[PDB]
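Here is the structure we will look at.
Position 1 is the first residue of the sequence; numbering continues from there. Excluded from the calculations below are hydrogen atoms, water molecules and symmetry mates; all remaining heavy atoms, backbone and side chain alike, are included.
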Amino acid sequence: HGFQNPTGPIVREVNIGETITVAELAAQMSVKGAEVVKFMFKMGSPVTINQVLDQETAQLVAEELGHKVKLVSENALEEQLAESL
């Protein structure tokens, strides 16, 4: 069980709330914020470092960069106590 040097890139489990600042999105993918800003500039909508993004854009860009998105909701108990009846 020794060290096997990884070959491919890295993938993270990006947890996305109801909204997220692009700084936190860059933090959770282990990429620098400037790279995320330049990437969004390359395709359409420009951003700033502390601009707030919504579910659709954040999930689309994060899943495009290769990471797996695991989004969550702020009313969890409400659906929890809705499949019980």
Side-chain angles (χ1 to χ4, degrees), residues 1-12 14-17 20-41 43-55 57-59 61-62 64-72 74-80 82 84:
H1 322 304
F3 165 77
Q4 294 82 17
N5 59 5
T7 50
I10 79 175
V11 304
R12 311 275 182 173
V14 181
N15 301 324
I16 303 177
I20 188 165
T21 49
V22 68
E24 304 158 44
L25 183 80
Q28 281 189 354
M29 314 189 279
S30 311
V31 295
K32 304 186 89 75
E35 291 294 328
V36 183
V37 180
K38 291 174 70 175
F39 195 82
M40 292 180 183
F41 182 76
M43 283 73 74
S45 167
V47 289
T48 61
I49 297 298
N50 280 311
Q51 184 178 2
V52 172
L53 303 150
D54 59 311
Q55 296 301 103
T57 300
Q59 181 205 305
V61 68
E64 190 277 331
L65 287 178
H67 304 292
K68 64 182 181 293
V69 174
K70 187 269 183 181
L71 66 84
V72 298
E74 64 272 34
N75 45 297
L77 293 175
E78 205 65 25
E79 295 83 335
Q80 286 307 129
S84 53

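- Rounded to the nearest 0.5 angstrom, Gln59 CD and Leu25 CG are separated by 11.0 Å.
- Note on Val61 and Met43: same hydrophobic cluster, where clusters join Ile, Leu, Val, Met, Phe, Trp and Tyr whose side-chain heavy atoms are under 4.5 Å apart, directly or indirectly.
- Considering NZ of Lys32 and NZ of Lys38, their distance stands at 12.5 Å, rounded to 0.5 Å.
- Under the side chain to side chain contact (heavy atoms under 4.5 Å, CB included) criterion, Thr48 pairs with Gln51, not counting sequence neighbours.
- Within the 3.5 Å criterion, the main-chain N or O of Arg12 finds a donor-acceptor partner in the side chain of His67.
- Across all their heavy atoms, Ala26 and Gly33 have their closest contact at CB-CA, 3.7 Å.
- If you take CD on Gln55 and CD1 on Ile20, they are separated by 8.5 Å, rounding to the nearest 0.5 Å.
- Across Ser30 and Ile10, no two heavy atoms sit closer than the pair CB-CD1, 3.8 Å.
- Taken to the nearest 0.5 Å, the OG1 atom of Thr57 stands 7.0 Å off from the CE atom of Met40.
- Annotation for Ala23 and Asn50: closest pair CB-OD1, 4.3 Å, computed over non-hydrogen atoms.
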